[PDB]
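> Below are the structure tokens for one structure; questions will follow.
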Amino acid sequence: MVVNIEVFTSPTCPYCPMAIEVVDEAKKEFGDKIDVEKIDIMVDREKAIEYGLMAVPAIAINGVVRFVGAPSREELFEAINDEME
């Protein structure tokens, strides 16, 4: 896939759809198409599936799975690039 980001933090707050725009910019150069996905802590609490203990601000790593990340949106930018790479 070209761009693939999943930001799972919360619907009442700003997930992490920012570091993805950067990955989209570069992944667009390659994949003119984009696929950045963004979920809330109440719909994608699967993020923590790994621990599901402290699962609130995180993102799925469109490439492998999902991780813990609140103000760590950039992490998504690296996951899309480590997803396609």
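Here's how to read the names in the structure tokens: chain A, B, ... by the order shown, residue numbers from 1 in each chain, ligand numbers from 1 in the order shown.
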Considering only C-alpha atoms, give me a table of residues in region 2-26 of chain A that are at most 9 Å from region 53-56 of chain A, with the closest atom pair and distance in Å for each, as a Markdown table.

| residue | atom | partner | partner_atom | distance |
| --- | --- | --- | --- | --- |
| A:8 | CA | A:56 | CA | 7.5 |
| A:9 | CA | A:56 | CA | 5.6 |
| A:10 | CA | A:56 | CA | 7.2 |
> Write to file, as a compact mmCIF listing (two decimals), in the first residue's frame, the residues of the selection just made, with N, CA and C atoms.

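The result, written out as selection-v1.txt:
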# COMPACT_ATOMS: atom_id res chain seq x y z
N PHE A 8 -4.71 6.39 16.74
CA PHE A 8 -5.72 6.03 17.73
C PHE A 8 -5.44 6.73 19.05
N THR A 9 -6.06 7.85 19.26
CA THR A 9 -5.86 8.57 20.54
C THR A 9 -7.21 8.84 21.17
N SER A 10 -8.07 9.55 20.49
CA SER A 10 -9.42 9.83 21.08
C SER A 10 -10.25 10.68 20.13
> Counting only C-alpha atoms, figure out which residue out of A:65, A:60, A:84, A:20 gets nearest to residue 41 (chain A).
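Of A:65, A:60, A:84, A:20, the one nearest residue 41 (chain A) is A:60, counting only C-alpha atoms.
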> Any idea what's packed within 12 Å of residue 66 (chain A), counting only C-alpha atoms, ignoring anything in its chain fewer than 5 positions away? Could you give it as a list in words?
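Contacts, with the query itself left out: residues 4, 5, 6, 7, 8, 9, 38, 39, 44, 45, 46, 47, 48, 49, 50, 51, 52, 55, 56, 57, 58, 59, 60, 61, 75, 76, 79, 80 and 83 of chain A.
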> Next, the residues of the selection above should be written as a short mmCIF file (atom, residue, chain, number, x, y, z; two decimals), in the first residue's frame with N, CA, C and O atoms.

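In the end it all went to out-v8.cif:
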data_model
loop_
_atom_site.label_atom_id
_atom_site.label_comp_id
_atom_site.auth_asym_id
_atom_site.auth_seq_id
_atom_site.Cartn_x
_atom_site.Cartn_y
_atom_site.Cartn_z
N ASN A 4 -0.20 4.65 4.69
CA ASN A 4 -1.08 3.88 5.61
C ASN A 4 -0.72 4.22 7.03
O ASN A 4 0.31 3.79 7.56
N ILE A 5 -1.53 5.05 7.59
CA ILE A 5 -1.35 5.56 8.98
C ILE A 5 -2.56 5.32 9.88
O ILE A 5 -3.68 5.54 9.49
N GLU A 6 -2.40 4.95 11.11
CA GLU A 6 -3.62 4.82 11.90
C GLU A 6 -3.35 5.52 13.21
O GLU A 6 -2.43 5.18 13.92
N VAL A 7 -4.15 6.52 13.51
CA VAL A 7 -3.92 7.32 14.73
C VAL A 7 -5.04 7.04 15.67
O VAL A 7 -6.19 7.36 15.42
N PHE A 8 -4.71 6.39 16.74
CA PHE A 8 -5.72 6.03 17.73
C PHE A 8 -5.44 6.73 19.05
O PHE A 8 -4.70 6.26 19.89
N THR A 9 -6.06 7.85 19.26
CA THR A 9 -5.86 8.57 20.54
C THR A 9 -7.21 8.84 21.17
O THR A 9 -7.49 8.41 22.25
N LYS A 38 -7.40 6.78 10.70
CA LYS A 38 -7.37 7.49 12.03
C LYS A 38 -8.51 7.09 12.95
O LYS A 38 -9.67 7.34 12.69
N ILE A 39 -8.19 6.40 14.01
CA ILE A 39 -9.26 5.94 14.92
C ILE A 39 -9.21 6.63 16.29
O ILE A 39 -8.24 7.24 16.67
N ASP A 44 -10.85 2.29 18.42
CA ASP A 44 -9.66 1.49 18.08
C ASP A 44 -8.89 1.13 19.34
O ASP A 44 -7.68 1.12 19.34
N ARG A 45 -9.55 0.83 20.43
CA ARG A 45 -8.75 0.50 21.66
C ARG A 45 -7.97 -0.79 21.41
O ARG A 45 -7.12 -1.19 22.18
N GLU A 46 -8.19 -1.37 20.26
CA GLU A 46 -7.42 -2.56 19.84
C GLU A 46 -5.93 -2.18 19.80
O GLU A 46 -5.08 -3.04 19.82
N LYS A 47 -5.60 -0.92 19.69
CA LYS A 47 -4.15 -0.54 19.62
C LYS A 47 -3.38 -1.33 20.66
O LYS A 47 -2.52 -2.16 20.36
N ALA A 48 -3.73 -1.07 21.88
CA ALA A 48 -3.09 -1.76 23.02
C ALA A 48 -3.26 -3.28 22.91
O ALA A 48 -2.62 -4.01 23.64
N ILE A 49 -4.08 -3.78 22.03
CA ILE A 49 -4.19 -5.26 21.95
C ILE A 49 -2.91 -5.87 22.50
O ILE A 49 -2.91 -6.84 23.23
N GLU A 50 -1.82 -5.22 22.19
CA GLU A 50 -0.49 -5.64 22.68
C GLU A 50 -0.52 -5.68 24.22
O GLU A 50 -0.18 -6.67 24.83
N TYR A 51 -0.97 -4.62 24.84
CA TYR A 51 -1.07 -4.57 26.33
C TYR A 51 -2.52 -4.26 26.75
O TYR A 51 -2.96 -4.70 27.79
N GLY A 52 -3.24 -3.51 25.96
CA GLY A 52 -4.68 -3.15 26.28
C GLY A 52 -4.84 -2.72 27.75
O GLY A 52 -5.94 -2.42 28.21
N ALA A 55 -4.10 1.61 27.35
CA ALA A 55 -4.27 1.91 25.91
C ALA A 55 -5.18 3.09 25.74
O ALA A 55 -6.38 3.00 25.95
N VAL A 56 -4.59 4.19 25.35
CA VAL A 56 -5.35 5.45 25.16
C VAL A 56 -4.75 6.31 24.02
O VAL A 56 -5.39 6.49 23.01
N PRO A 57 -3.56 6.79 24.19
CA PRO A 57 -2.97 7.57 23.09
C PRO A 57 -1.92 6.74 22.40
O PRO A 57 -0.85 6.48 22.92
N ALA A 58 -2.32 6.30 21.23
CA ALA A 58 -1.50 5.40 20.40
C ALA A 58 -1.95 5.41 18.94
O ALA A 58 -2.89 6.07 18.56
N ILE A 59 -1.25 4.68 18.13
CA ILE A 59 -1.59 4.64 16.69
C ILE A 59 -1.29 3.27 16.15
O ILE A 59 -0.40 2.60 16.67
N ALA A 60 -1.93 2.82 15.10
CA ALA A 60 -1.56 1.47 14.66
C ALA A 60 -0.43 1.71 13.74
O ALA A 60 -0.28 2.81 13.24
N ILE A 61 0.42 0.76 13.55
CA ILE A 61 1.57 1.06 12.74
C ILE A 61 1.28 0.42 11.45
O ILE A 61 1.54 -0.77 11.26
N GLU A 75 5.66 9.25 14.95
CA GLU A 75 5.81 7.76 14.95
C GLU A 75 5.04 7.17 13.76
O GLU A 75 5.50 6.25 13.11
N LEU A 76 3.90 7.72 13.46
CA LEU A 76 3.11 7.24 12.29
C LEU A 76 3.89 7.51 11.02
O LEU A 76 3.96 6.70 10.13
N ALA A 79 6.25 4.84 10.70
CA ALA A 79 5.61 3.50 10.50
C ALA A 79 5.17 3.31 9.05
O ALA A 79 5.30 2.24 8.50
N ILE A 80 4.68 4.35 8.43
CA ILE A 80 4.24 4.23 6.99
C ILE A 80 5.46 3.95 6.11
O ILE A 80 5.44 3.10 5.25
N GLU A 83 6.54 0.59 6.79
CA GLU A 83 5.49 -0.34 6.39
C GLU A 83 5.85 -0.63 4.95
O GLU A 83 6.09 -1.75 4.58
#
> Just the residues within 8 Å of residue 78 (chain A), please, counting only C-alpha atoms, with nothing from its chain fewer than 4 positions along; format it as a JSON list (two decimals) with C-alpha atoms, in the first residue's frame.

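Printed below is part.json as written:
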[["chain", "number", "residue", "atom", "x", "y", "z"],
["A", 23, "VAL", "CA", 4.43, 10.44, 5.35],
["A", 74, "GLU", "CA", 5.66, 11.43, 13.95],
["A", 82, "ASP", "CA", 8.65, 1.21, 7.58]]
> I need the residues in chain A that are alpha helix (DSSP H) according to DSSP; give them as a VMD selection string.
chain A and resid 19 to 30 74 to 84
> Residues as selected, N, CA, C and O atoms, written as a PDB file, in the first residue's frame, can you do that?

ATOM      1  N   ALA A  19       1.642  13.583  11.758  1.00  0.00           N
ATOM      2  CA  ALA A  19       2.874  12.931  11.223  1.00  0.00           C
ATOM      3  C   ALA A  19       2.545  12.162   9.957  1.00  0.00           C
ATOM      4  O   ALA A  19       3.406  11.867   9.156  1.00  0.00           O
ATOM      5  N   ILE A  20       1.296  11.850   9.773  1.00  0.00           N
ATOM      6  CA  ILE A  20       0.881  11.103   8.561  1.00  0.00           C
ATOM      7  C   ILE A  20       0.948  12.021   7.342  1.00  0.00           C
ATOM      8  O   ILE A  20       1.398  11.630   6.283  1.00  0.00           O
ATOM      9  N   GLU A  21       0.508  13.246   7.496  1.00  0.00           N
ATOM     10  CA  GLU A  21       0.546  14.205   6.365  1.00  0.00           C
ATOM     11  C   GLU A  21       1.969  14.259   5.814  1.00  0.00           C
ATOM     12  O   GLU A  21       2.180  14.377   4.623  1.00  0.00           O
ATOM     13  N   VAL A  22       2.946  14.139   6.676  1.00  0.00           N
ATOM     14  CA  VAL A  22       4.365  14.154   6.209  1.00  0.00           C
ATOM     15  C   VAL A  22       4.653  12.852   5.461  1.00  0.00           C
ATOM     16  O   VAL A  22       5.210  12.851   4.378  1.00  0.00           O
ATOM     17  N   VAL A  23       4.237  11.750   6.025  1.00  0.00           N
ATOM     18  CA  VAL A  23       4.434  10.440   5.350  1.00  0.00           C
ATOM     19  C   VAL A  23       3.636  10.422   4.049  1.00  0.00           C
ATOM     20  O   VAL A  23       4.049   9.831   3.070  1.00  0.00           O
ATOM     21  N   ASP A  24       2.498  11.075   4.043  1.00  0.00           N
ATOM     22  CA  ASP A  24       1.664  11.123   2.817  1.00  0.00           C
ATOM     23  C   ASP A  24       2.385  11.914   1.738  1.00  0.00           C
ATOM     24  O   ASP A  24       2.387  11.559   0.576  1.00  0.00           O
ATOM     25  N   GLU A  25       3.000  12.987   2.144  1.00  0.00           N
ATOM     26  CA  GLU A  25       3.756  13.849   1.199  1.00  0.00           C
ATOM     27  C   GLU A  25       4.828  13.020   0.495  1.00  0.00           C
ATOM     28  O   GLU A  25       4.964  13.050  -0.714  1.00  0.00           O
ATOM     29  N   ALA A  26       5.583  12.269   1.255  1.00  0.00           N
ATOM     30  CA  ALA A  26       6.644  11.415   0.656  1.00  0.00           C
ATOM     31  C   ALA A  26       6.033  10.162   0.034  1.00  0.00           C
ATOM     32  O   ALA A  26       6.455   9.711  -1.012  1.00  0.00           O
ATOM     33  N   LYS A  27       5.044   9.584   0.670  1.00  0.00           N
ATOM     34  CA  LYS A  27       4.442   8.341   0.103  1.00  0.00           C
ATOM     35  C   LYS A  27       3.610   8.680  -1.114  1.00  0.00           C
ATOM     36  O   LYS A  27       3.344   7.839  -1.948  1.00  0.00           O
ATOM     37  N   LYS A  28       3.259   9.923  -1.254  1.00  0.00           N
ATOM     38  CA  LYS A  28       2.517  10.342  -2.458  1.00  0.00           C
ATOM     39  C   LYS A  28       3.494  10.300  -3.620  1.00  0.00           C
ATOM     40  O   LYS A  28       3.218   9.745  -4.662  1.00  0.00           O
ATOM     41  N   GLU A  29       4.662  10.859  -3.407  1.00  0.00           N
ATOM     42  CA  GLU A  29       5.719  10.868  -4.460  1.00  0.00           C
ATOM     43  C   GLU A  29       5.853   9.482  -5.089  1.00  0.00           C
ATOM     44  O   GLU A  29       6.045   9.333  -6.280  1.00  0.00           O
ATOM     45  N   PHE A  30       5.719   8.477  -4.276  1.00  0.00           N
ATOM     46  CA  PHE A  30       5.799   7.089  -4.756  1.00  0.00           C
ATOM     47  C   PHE A  30       4.368   6.651  -5.046  1.00  0.00           C
ATOM     48  O   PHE A  30       3.968   6.534  -6.209  1.00  0.00           O
ATOM     49  N   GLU A  74       4.520  11.748  14.877  1.00  0.00           N
ATOM     50  CA  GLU A  74       5.659  11.431  13.951  1.00  0.00           C
ATOM     51  C   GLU A  74       5.846   9.927  13.859  1.00  0.00           C
ATOM     52  O   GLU A  74       6.151   9.392  12.812  1.00  0.00           O
ATOM     53  N   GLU A  75       5.658   9.246  14.955  1.00  0.00           N
ATOM     54  CA  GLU A  75       5.808   7.765  14.945  1.00  0.00           C
ATOM     55  C   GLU A  75       5.044   7.172  13.761  1.00  0.00           C
ATOM     56  O   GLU A  75       5.498   6.252  13.113  1.00  0.00           O
ATOM     57  N   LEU A  76       3.903   7.724  13.457  1.00  0.00           N
ATOM     58  CA  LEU A  76       3.114   7.237  12.293  1.00  0.00           C
ATOM     59  C   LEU A  76       3.893   7.513  11.017  1.00  0.00           C
ATOM     60  O   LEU A  76       3.956   6.695  10.125  1.00  0.00           O
ATOM     61  N   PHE A  77       4.498   8.668  10.932  1.00  0.00           N
ATOM     62  CA  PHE A  77       5.281   9.009   9.711  1.00  0.00           C
ATOM     63  C   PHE A  77       6.391   7.957   9.487  1.00  0.00           C
ATOM     64  O   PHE A  77       6.719   7.585   8.374  1.00  0.00           O
ATOM     65  N   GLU A  78       6.965   7.482  10.552  1.00  0.00           N
ATOM     66  CA  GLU A  78       8.033   6.456  10.438  1.00  0.00           C
ATOM     67  C   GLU A  78       7.421   5.077  10.191  1.00  0.00           C
ATOM     68  O   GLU A  78       8.020   4.235   9.547  1.00  0.00           O
ATOM     69  N   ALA A  79       6.246   4.835  10.702  1.00  0.00           N
ATOM     70  CA  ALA A  79       5.609   3.504  10.501  1.00  0.00           C
ATOM     71  C   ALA A  79       5.175   3.314   9.050  1.00  0.00           C
ATOM     72  O   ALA A  79       5.297   2.239   8.498  1.00  0.00           O
ATOM     73  N   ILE A  80       4.685   4.349   8.425  1.00  0.00           N
ATOM     74  CA  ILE A  80       4.243   4.232   6.990  1.00  0.00           C
ATOM     75  C   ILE A  80       5.457   3.952   6.115  1.00  0.00           C
ATOM     76  O   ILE A  80       5.440   3.097   5.252  1.00  0.00           O
ATOM     77  N   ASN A  81       6.527   4.647   6.400  1.00  0.00           N
ATOM     78  CA  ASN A  81       7.786   4.419   5.689  1.00  0.00           C
ATOM     79  C   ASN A  81       8.368   3.079   6.101  1.00  0.00           C
ATOM     80  O   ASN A  81       9.182   2.548   5.382  1.00  0.00           O
ATOM     81  N   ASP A  82       8.011   2.506   7.235  1.00  0.00           N
ATOM     82  CA  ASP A  82       8.650   1.206   7.582  1.00  0.00           C
ATOM     83  C   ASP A  82       7.640   0.139   7.299  1.00  0.00           C
ATOM     84  O   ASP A  82       7.849  -1.076   7.533  1.00  0.00           O
ATOM     85  N   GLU A  83       6.542   0.593   6.789  1.00  0.00           N
ATOM     86  CA  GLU A  83       5.492  -0.338   6.394  1.00  0.00           C
ATOM     87  C   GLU A  83       5.847  -0.630   4.945  1.00  0.00           C
ATOM     88  O   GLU A  83       6.089  -1.746   4.577  1.00  0.00           O
ATOM     89  N   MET A  84       5.904   0.406   4.122  1.00  0.00           N
ATOM     90  CA  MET A  84       6.221   0.180   2.691  1.00  0.00           C
ATOM     91  C   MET A  84       7.673  -0.253   2.514  1.00  0.00           C
ATOM     92  O   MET A  84       8.043  -0.824   1.502  1.00  0.00           O
TER      93      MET A  84
END
> Taking into account only C-alpha atoms, which residue in the set A:43, A:16, A:31, A:85 is nearest to residue 63 (chain A)?
A:85
> Quick one: of A:70, A:2, A:64, A:42, who's nearest to residue 18 (chain A), counting only C-alpha atoms?
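Counting only C-alpha atoms, the residue closest to residue 18 (chain A) is A:70.
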> Would you give me, as a list in words, the residues in chain A that DSSP reads as strand (DSSP E or B)?
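Residues of chain A classed as strand (DSSP E or B): residues 5, 6, 7, 8, 36, 37, 38, 39, 58, 59, 60, 66, 67 and 68 of chain A.
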> Find the distance between CA of residue 33 (chain A) and CA of residue 1 (chain A) and write it in Å to one decimal.
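Separating CA of residue 33 (chain A) from CA of residue 1 (chain A) is a distance of 8.7 Å.
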